[PDB]
$ cat protein-v8.pdb   # PDB, C-alpha atoms
ATOM      1  CA  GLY A   1      -8.320 -15.136   8.223  1.00  0.00           C
ATOM      2  CA  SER A   2      -5.896 -14.299   5.419  1.00  0.00           C
ATOM      3  CA  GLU A   3      -2.313 -13.199   6.003  1.00  0.00           C
ATOM      4  CA  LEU A   4      -2.696 -10.376   3.470  1.00  0.00           C
ATOM      5  CA  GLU A   5      -5.427  -8.550   5.419  1.00  0.00           C
ATOM      6  CA  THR A   6      -3.355  -8.550   8.617  1.00  0.00           C
ATOM      7  CA  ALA A   7      -0.880  -6.458   6.641  1.00  0.00           C
ATOM      8  CA  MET A   8      -2.833  -3.210   6.780  1.00  0.00           C
ATOM      9  CA  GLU A   9      -3.423  -3.732  10.518  1.00  0.00           C
ATOM     10  CA  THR A  10       0.286  -3.300  11.174  1.00  0.00           C
ATOM     11  CA  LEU A  11       0.489  -0.066   9.218  1.00  0.00           C
ATOM     12  CA  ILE A  12      -2.565   1.109  11.173  1.00  0.00           C
ATOM     13  CA  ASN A  13      -0.776   0.252  14.405  1.00  0.00           C
ATOM     14  CA  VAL A  14       2.056   2.729  13.692  1.00  0.00           C
ATOM     15  CA  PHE A  15      -0.050   5.152  11.590  1.00  0.00           C
ATOM     16  CA  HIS A  16      -2.839   5.779  14.032  1.00  0.00           C
ATOM     17  CA  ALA A  17      -0.291   5.728  16.853  1.00  0.00           C
ATOM     18  CA  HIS A  18       0.957   9.126  15.652  1.00  0.00           C
ATOM     19  CA  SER A  19      -2.162  10.287  13.799  1.00  0.00           C
ATOM     20  CA  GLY A  20      -3.900  13.571  14.466  1.00  0.00           C
ATOM     21  CA  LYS A  21      -0.822  15.778  14.154  1.00  0.00           C
ATOM     22  CA  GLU A  22      -2.429  17.128  10.969  1.00  0.00           C
ATOM     23  CA  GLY A  23      -5.694  17.907  12.724  1.00  0.00           C
ATOM     24  CA  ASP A  24      -7.537  14.778  11.595  1.00  0.00           C
ATOM     25  CA  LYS A  25      -6.585  11.246  12.680  1.00  0.00           C
ATOM     26  CA  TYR A  26      -7.614   9.572   9.421  1.00  0.00           C
ATOM     27  CA  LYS A  27      -4.851  11.631   7.939  1.00  0.00           C
ATOM     28  CA  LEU A  28      -1.282  12.576   8.675  1.00  0.00           C
ATOM     29  CA  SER A  29       1.206  15.062   7.300  1.00  0.00           C
ATOM     30  CA  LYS A  30       3.928  13.630   5.042  1.00  0.00           C
ATOM     31  CA  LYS A  31       6.685  14.746   7.446  1.00  0.00           C
ATOM     32  CA  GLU A  32       5.210  12.779  10.359  1.00  0.00           C
ATOM     33  CA  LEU A  33       5.335   9.571   8.368  1.00  0.00           C
ATOM     34  CA  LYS A  34       9.037  10.127   7.628  1.00  0.00           C
ATOM     35  CA  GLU A  35       9.666  10.444  11.376  1.00  0.00           C
ATOM     36  CA  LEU A  36       7.628   7.455  12.622  1.00  0.00           C
ATOM     37  CA  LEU A  37       9.005   5.239   9.843  1.00  0.00           C
ATOM     38  CA  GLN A  38      12.593   5.709  10.973  1.00  0.00           C
ATOM     39  CA  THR A  39      11.657   5.400  14.647  1.00  0.00           C
ATOM     40  CA  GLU A  40      10.019   1.982  14.186  1.00  0.00           C
ATOM     41  CA  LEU A  41      11.576   0.301  11.202  1.00  0.00           C
ATOM     42  CA  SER A  42      15.218   1.451  10.967  1.00  0.00           C
ATOM     43  CA  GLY A  43      15.895  -1.531   8.656  1.00  0.00           C
ATOM     44  CA  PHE A  44      14.376  -1.126   5.199  1.00  0.00           C
ATOM     45  CA  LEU A  45      16.183   2.143   4.790  1.00  0.00           C
ATOM     46  CA  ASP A  46      19.302  -0.029   4.271  1.00  0.00           C
ATOM     47  CA  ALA A  47      17.332  -2.412   2.075  1.00  0.00           C
ATOM     48  CA  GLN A  48      16.653   0.180  -0.630  1.00  0.00           C
ATOM     49  CA  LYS A  49      18.564  -0.755  -3.803  1.00  0.00           C
ATOM     50  CA  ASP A  50      16.827   1.588  -6.251  1.00  0.00           C
ATOM     51  CA  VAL A  51      18.771   4.735  -5.358  1.00  0.00           C
ATOM     52  CA  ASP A  52      17.009   6.796  -8.025  1.00  0.00           C
ATOM     53  CA  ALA A  53      13.601   5.968  -6.594  1.00  0.00           C
ATOM     54  CA  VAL A  54      14.486   6.765  -3.026  1.00  0.00           C
ATOM     55  CA  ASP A  55      16.445   9.886  -3.897  1.00  0.00           C
ATOM     56  CA  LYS A  56      13.437  11.347  -5.686  1.00  0.00           C
ATOM     57  CA  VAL A  57      11.085  10.229  -2.884  1.00  0.00           C
ATOM     58  CA  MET A  58      13.256  11.526  -0.033  1.00  0.00           C
ATOM     59  CA  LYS A  59      13.460  14.946  -1.648  1.00  0.00           C
ATOM     60  CA  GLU A  60       9.737  14.793  -2.474  1.00  0.00           C
ATOM     61  CA  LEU A  61       8.975  14.243   1.167  1.00  0.00           C
ATOM     62  CA  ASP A  62      11.335  17.069   2.112  1.00  0.00           C
ATOM     63  CA  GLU A  63       9.428  19.581  -0.068  1.00  0.00           C
ATOM     64  CA  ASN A  64       5.987  18.148   0.590  1.00  0.00           C
ATOM     65  CA  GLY A  65       6.343  17.245   4.260  1.00  0.00           C
ATOM     66  CA  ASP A  66       4.119  20.121   5.371  1.00  0.00           C
ATOM     67  CA  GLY A  67       1.331  18.801   3.166  1.00  0.00           C
ATOM     68  CA  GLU A  68      -1.176  16.108   3.938  1.00  0.00           C
ATOM     69  CA  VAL A  69      -1.704  12.415   3.146  1.00  0.00           C
ATOM     70  CA  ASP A  70      -3.793   9.465   4.394  1.00  0.00           C
ATOM     71  CA  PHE A  71      -3.391   5.747   5.149  1.00  0.00           C
ATOM     72  CA  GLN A  72      -3.626   4.905   1.442  1.00  0.00           C
ATOM     73  CA  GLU A  73      -0.746   7.246   0.605  1.00  0.00           C
ATOM     74  CA  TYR A  74       1.159   5.930   3.635  1.00  0.00           C
ATOM     75  CA  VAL A  75       0.900   2.342   2.432  1.00  0.00           C
ATOM     76  CA  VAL A  76       2.284   3.438  -0.975  1.00  0.00           C
ATOM     77  CA  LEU A  77       5.168   5.192   0.766  1.00  0.00           C
ATOM     78  CA  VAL A  78       6.187   1.942   2.489  1.00  0.00           C
ATOM     79  CA  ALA A  79       5.668   0.024  -0.768  1.00  0.00           C
ATOM     80  CA  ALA A  80       8.191   2.382  -2.388  1.00  0.00           C
ATOM     81  CA  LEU A  81      10.745   0.674  -0.142  1.00  0.00           C
ATOM     82  CA  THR A  82       9.590  -2.755  -1.314  1.00  0.00           C
ATOM     83  CA  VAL A  83       9.997  -2.001  -4.994  1.00  0.00           C
ATOM     84  CA  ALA A  84      13.422  -0.507  -4.342  1.00  0.00           C
ATOM     85  CA  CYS A  85      14.455  -3.685  -2.494  1.00  0.00           C
ATOM     86  CA  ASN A  86      12.769  -6.556  -4.360  1.00  0.00           C
ATOM     87  CA  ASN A  87      11.545  -5.207  -7.731  1.00  0.00           C
ATOM     88  CA  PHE A  88      15.211  -4.165  -8.172  1.00  0.00           C
ATOM     89  CA  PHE A  89      15.758  -7.346 -10.253  1.00  0.00           C
ATOM     90  CA  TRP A  90      13.925  -5.520 -13.096  1.00  0.00           C
ATOM     91  CA  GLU A  91      17.449  -5.048 -14.415  1.00  0.00           C
ATOM     92  CA  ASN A  92      20.381  -7.460 -14.540  1.00  0.00           C
ATOM     93  CA  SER A  93      21.487  -8.246 -10.992  1.00  0.00           C
TER      94      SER A  93
ATOM     95  CA  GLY B   1      12.089  -4.992  13.071  1.00  0.00           C
ATOM     96  CA  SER B   2       8.714  -3.258  13.020  1.00  0.00           C
ATOM     97  CA  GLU B   3       5.465  -5.095  12.382  1.00  0.00           C
ATOM     98  CA  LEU B   4       4.884  -2.449   9.692  1.00  0.00           C
ATOM     99  CA  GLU B   5       7.640  -4.054   7.574  1.00  0.00           C
ATOM    100  CA  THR B   6       6.282  -7.607   7.945  1.00  0.00           C
ATOM    101  CA  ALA B   7       3.175  -6.195   6.321  1.00  0.00           C
ATOM    102  CA  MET B   8       4.481  -6.090   2.744  1.00  0.00           C
ATOM    103  CA  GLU B   9       5.768  -9.664   3.107  1.00  0.00           C
ATOM    104  CA  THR B  10       2.200 -10.933   3.390  1.00  0.00           C
ATOM    105  CA  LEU B  11       1.096  -9.153   0.239  1.00  0.00           C
ATOM    106  CA  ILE B  12       4.159 -10.655  -1.454  1.00  0.00           C
ATOM    107  CA  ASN B  13       3.086 -14.117  -0.277  1.00  0.00           C
ATOM    108  CA  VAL B  14      -0.205 -13.947  -2.214  1.00  0.00           C
ATOM    109  CA  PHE B  15       1.056 -11.601  -4.969  1.00  0.00           C
ATOM    110  CA  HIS B  16       4.112 -13.517  -5.996  1.00  0.00           C
ATOM    111  CA  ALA B  17       2.176 -16.772  -5.599  1.00  0.00           C
ATOM    112  CA  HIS B  18       0.111 -15.737  -8.614  1.00  0.00           C
ATOM    113  CA  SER B  19       2.758 -13.567 -10.311  1.00  0.00           C
ATOM    114  CA  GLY B  20       4.261 -14.136 -13.722  1.00  0.00           C
ATOM    115  CA  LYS B  21       0.949 -14.288 -15.592  1.00  0.00           C
ATOM    116  CA  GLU B  22       1.944 -10.915 -16.994  1.00  0.00           C
ATOM    117  CA  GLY B  23       5.323 -11.647 -18.329  1.00  0.00           C
ATOM    118  CA  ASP B  24       7.417 -10.797 -15.253  1.00  0.00           C
ATOM    119  CA  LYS B  25       7.684 -11.949 -11.618  1.00  0.00           C
ATOM    120  CA  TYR B  26       6.894  -8.485 -10.205  1.00  0.00           C
ATOM    121  CA  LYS B  27       4.066  -7.897 -12.629  1.00  0.00           C
ATOM    122  CA  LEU B  28       0.538  -9.081 -12.891  1.00  0.00           C
ATOM    123  CA  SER B  29      -2.565  -7.958 -14.697  1.00  0.00           C
ATOM    124  CA  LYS B  30      -5.308  -6.128 -12.796  1.00  0.00           C
ATOM    125  CA  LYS B  31      -7.711  -9.068 -13.298  1.00  0.00           C
ATOM    126  CA  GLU B  32      -5.461 -11.507 -11.401  1.00  0.00           C
ATOM    127  CA  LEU B  33      -5.300  -9.264  -8.362  1.00  0.00           C
ATOM    128  CA  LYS B  34      -9.089  -8.930  -8.229  1.00  0.00           C
ATOM    129  CA  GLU B  35      -9.382 -12.710  -8.410  1.00  0.00           C
ATOM    130  CA  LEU B  36      -6.769 -13.619  -5.826  1.00  0.00           C
ATOM    131  CA  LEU B  37      -8.015 -10.924  -3.450  1.00  0.00           C
ATOM    132  CA  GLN B  38     -11.532 -12.314  -3.267  1.00  0.00           C
ATOM    133  CA  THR B  39     -10.282 -15.911  -3.088  1.00  0.00           C
ATOM    134  CA  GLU B  40      -7.624 -15.435  -0.362  1.00  0.00           C
ATOM    135  CA  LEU B  41      -9.405 -12.857   1.829  1.00  0.00           C
ATOM    136  CA  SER B  42     -13.205 -13.253   1.511  1.00  0.00           C
ATOM    137  CA  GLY B  43     -13.713 -11.002   4.592  1.00  0.00           C
ATOM    138  CA  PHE B  44     -12.825  -7.357   4.028  1.00  0.00           C
ATOM    139  CA  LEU B  45     -15.144  -7.259   1.085  1.00  0.00           C
ATOM    140  CA  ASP B  46     -17.879  -6.887   3.741  1.00  0.00           C
ATOM    141  CA  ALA B  47     -15.804  -4.411   5.676  1.00  0.00           C
ATOM    142  CA  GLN B  48     -15.996  -1.928   2.793  1.00  0.00           C
ATOM    143  CA  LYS B  49     -18.488   0.807   3.749  1.00  0.00           C
ATOM    144  CA  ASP B  50     -17.738   3.361   1.021  1.00  0.00           C
ATOM    145  CA  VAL B  51     -20.198   2.516  -1.767  1.00  0.00           C
ATOM    146  CA  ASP B  52     -18.951   5.426  -3.891  1.00  0.00           C
ATOM    147  CA  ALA B  53     -15.403   4.078  -3.818  1.00  0.00           C
ATOM    148  CA  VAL B  54     -16.166   0.407  -4.401  1.00  0.00           C
ATOM    149  CA  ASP B  55     -18.540   1.159  -7.240  1.00  0.00           C
ATOM    150  CA  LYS B  56     -15.902   3.125  -9.136  1.00  0.00           C
ATOM    151  CA  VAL B  57     -13.019   0.768  -8.429  1.00  0.00           C
ATOM    152  CA  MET B  58     -14.786  -2.524  -9.132  1.00  0.00           C
ATOM    153  CA  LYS B  59     -15.893  -1.255 -12.533  1.00  0.00           C
ATOM    154  CA  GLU B  60     -12.469   0.288 -13.129  1.00  0.00           C
ATOM    155  CA  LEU B  61     -10.993  -3.127 -12.576  1.00  0.00           C
ATOM    156  CA  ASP B  62     -13.646  -4.745 -14.785  1.00  0.00           C
ATOM    157  CA  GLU B  63     -12.666  -2.653 -17.813  1.00  0.00           C
ATOM    158  CA  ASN B  64      -8.965  -2.396 -16.989  1.00  0.00           C
ATOM    159  CA  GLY B  65      -8.479  -5.974 -15.831  1.00  0.00           C
ATOM    160  CA  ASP B  66      -6.638  -6.780 -19.043  1.00  0.00           C
ATOM    161  CA  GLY B  67      -4.079  -4.088 -18.278  1.00  0.00           C
ATOM    162  CA  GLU B  68      -1.014  -4.448 -16.178  1.00  0.00           C
ATOM    163  CA  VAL B  69       0.096  -3.548 -12.657  1.00  0.00           C
ATOM    164  CA  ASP B  70       2.841  -4.329 -10.099  1.00  0.00           C
ATOM    165  CA  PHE B  71       3.292  -5.007  -6.360  1.00  0.00           C
ATOM    166  CA  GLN B  72       3.029  -1.306  -5.477  1.00  0.00           C
ATOM    167  CA  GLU B  73      -0.316  -1.154  -7.276  1.00  0.00           C
ATOM    168  CA  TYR B  74      -1.409  -4.324  -5.487  1.00  0.00           C
ATOM    169  CA  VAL B  75      -0.725  -2.656  -2.151  1.00  0.00           C
ATOM    170  CA  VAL B  76      -2.872   0.387  -2.997  1.00  0.00           C
ATOM    171  CA  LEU B  77      -5.631  -1.885  -4.264  1.00  0.00           C
ATOM    172  CA  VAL B  78      -5.804  -3.527  -0.833  1.00  0.00           C
ATOM    173  CA  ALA B  79      -5.710  -0.140   0.884  1.00  0.00           C
ATOM    174  CA  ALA B  80      -8.824   0.764  -1.111  1.00  0.00           C
ATOM    175  CA  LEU B  81     -10.593  -1.714   1.180  1.00  0.00           C
ATOM    176  CA  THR B  82      -9.077  -0.090   4.265  1.00  0.00           C
ATOM    177  CA  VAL B  83     -10.158   3.451   3.459  1.00  0.00           C
ATOM    178  CA  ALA B  84     -13.648   2.233   2.629  1.00  0.00           C
ATOM    179  CA  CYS B  85     -13.789   0.724   6.142  1.00  0.00           C
ATOM    180  CA  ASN B  86     -11.876   3.179   8.365  1.00  0.00           C
ATOM    181  CA  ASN B  87     -11.944   6.540   6.545  1.00  0.00           C
ATOM    182  CA  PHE B  88     -15.721   5.979   6.464  1.00  0.00           C
ATOM    183  CA  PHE B  89     -16.031   8.359   9.462  1.00  0.00           C
ATOM    184  CA  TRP B  90     -15.464  11.290   7.087  1.00  0.00           C
ATOM    185  CA  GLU B  91     -19.249  11.482   7.136  1.00  0.00           C
ATOM    186  CA  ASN B  92     -22.109  10.759   9.498  1.00  0.00           C
ATOM    187  CA  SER B  93     -21.658   7.108  10.390  1.00  0.00           C
TER     188      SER B  93
END
$ encode --input "protein-v8.pdb" --output "C-alpha cells"
Amino acid sequence: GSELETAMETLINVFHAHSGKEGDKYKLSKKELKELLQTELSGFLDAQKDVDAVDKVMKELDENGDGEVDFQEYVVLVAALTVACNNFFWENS
Amino acid sequence: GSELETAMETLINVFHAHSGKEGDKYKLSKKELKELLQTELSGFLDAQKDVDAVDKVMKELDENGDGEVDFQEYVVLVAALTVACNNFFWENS
C-alpha cells in the first residue's frame, strides 16, 4: 500500500507494453527503450539539466542500442533523467 | 505526462523524506534505504521469489550499509525486488 511500490508498476506498464522485440519479454533492446520513452513521456527530455550526463548516455544508447537490457536497466535509464534534473543542485545553482 | 515519469516522484517522496543523513540532500547511506524500504513498503518483501538474488543483496547491504549511495542507487535497489518477482520466469516456475 506504499506509493513507492506503485512506481515500478508504471515502468512495467510501458516496458512490457513494447517488450518481446528482443526475443524475450522480460528483456528489451536498448534502442526500443529510447523509442518508447519519447513516445510516452516527451517531457523529461526538456527537464535534463546535466548536459554531460545525457550527452554521454544518448551516445551510449546510440552505440549500444542493438544490445540487450532488462527492467532493472530500464529503471536506471529513467533515473538518469532524474539525477540530471534534480540532483543537478550538486553544484551551485 | 506519462505515468512512467510519476514513478520517480514516489521514490523521491520516501527517499528525500529520509535524506540528508549522509551529508547531502541527494545522498543517503545504504543502511537508511534498507530501513525505510522495509518500513514504508512491507509487501514486496514477500513478492521476492529469487532467493539467490535476495541472499546476495541483503548481505551486501549488511556489510556495505555504512557506505554511501544516491537516488539512482535507491531506484535500482527497489528494482531488485521487481526482478526477483517478475524475472522469476527465467526458470521453471
$ closest_residue --input "protein-v8.pdb" --among "A:28, A:78, A:69, A:41" --to "chain B" --atoms "all atoms listed in the file"
A:41
$ closest_residue --input "protein-v8.pdb" --among "A:34, A:18, A:27, A:59" --to "chain B" --atoms "all atoms listed in the file"
A:27
$ closest_atom_pairs --input "protein-v8.pdb" --of "chain B" --to "chain A" --cutoff "9 Å" --atoms "all atoms listed in the file" --output "tab-separated table"
residue	atom	partner	partner_atom	distance
B:1	CA	A:41	CA	5.6
B:2	CA	A:41	CA	4.9
B:3	CA	A:10	CA	5.6
B:4	CA	A:10	CA	4.9
B:5	CA	A:41	CA	6.9
B:6	CA	A:7	CA	7.4
B:7	CA	A:7	CA	4.1
B:8	CA	A:7	CA	6.6
B:9	CA	A:7	CA	8.2
B:10	CA	A:4	CA	4.9
B:11	CA	A:4	CA	5.1
B:12	CA	A:4	CA	8.4
B:13	CA	A:4	CA	7.8
B:14	CA	A:4	CA	7.2
B:24	CA	A:90	CA	8.7
B:25	CA	A:87	CA	8.7
B:26	CA	A:87	CA	6.2
B:37	CA	A:4	CA	8.7
B:40	CA	A:2	CA	6.1
B:41	CA	A:2	CA	5.2
B:42	CA	A:2	CA	8.4
B:43	CA	A:1	CA	7.7
B:44	CA	A:5	CA	7.6
B:71	CA	A:83	CA	7.5
B:72	CA	A:79	CA	5.6
B:73	CA	A:76	CA	8.2
B:75	CA	A:76	CA	6.9
B:76	CA	A:76	CA	6.3
B:78	CA	A:5	CA	8.0
B:79	CA	A:72	CA	5.5
B:80	CA	A:72	CA	7.1
B:82	CA	A:8	CA	7.4
B:83	CA	A:72	CA	7.0
B:86	CA	A:26	CA	7.8
B:87	CA	A:26	CA	6.0
B:89	CA	A:26	CA	8.5
B:90	CA	A:26	CA	8.4
$ resolve_selection --input "protein-v8.pdb" --expression "the PyMOL selection byres ((chain B and resi 49) around 6)" --output "list in words"
residues 48, 50, 84 and 85 of chain B
$ resolve_selection --input "protein-v8.pdb" --expression "the PyMOL selection byres ((chain A and resi 29) around 8)" --output "list in words"
residues 21, 22, 27, 28, 30, 31, 32, 33, 65, 66, 67, 68 and 69 of chain A
$ atom_distance --input "protein-v8.pdb" --atom1 "CA of residue 17 in chain A" --atom2 "CA of residue 35 in chain A"
12.3 Å
$ atom_distance --input "protein-v8.pdb" --atom1 "CA of residue 58 in chain A" --atom2 "CA of residue 92 in chain A"
24.9 Å
$ axis_aligned_box --input "protein-v8.pdb" --around "range 24-29 of chain B" --padding-each-side "3 Å" --output "JSON"
{"center_x": 2.6, "center_y": -9.9, "center_z": -12.7, "size_x": 16.2, "size_y": 10.1, "size_z": 11.0}
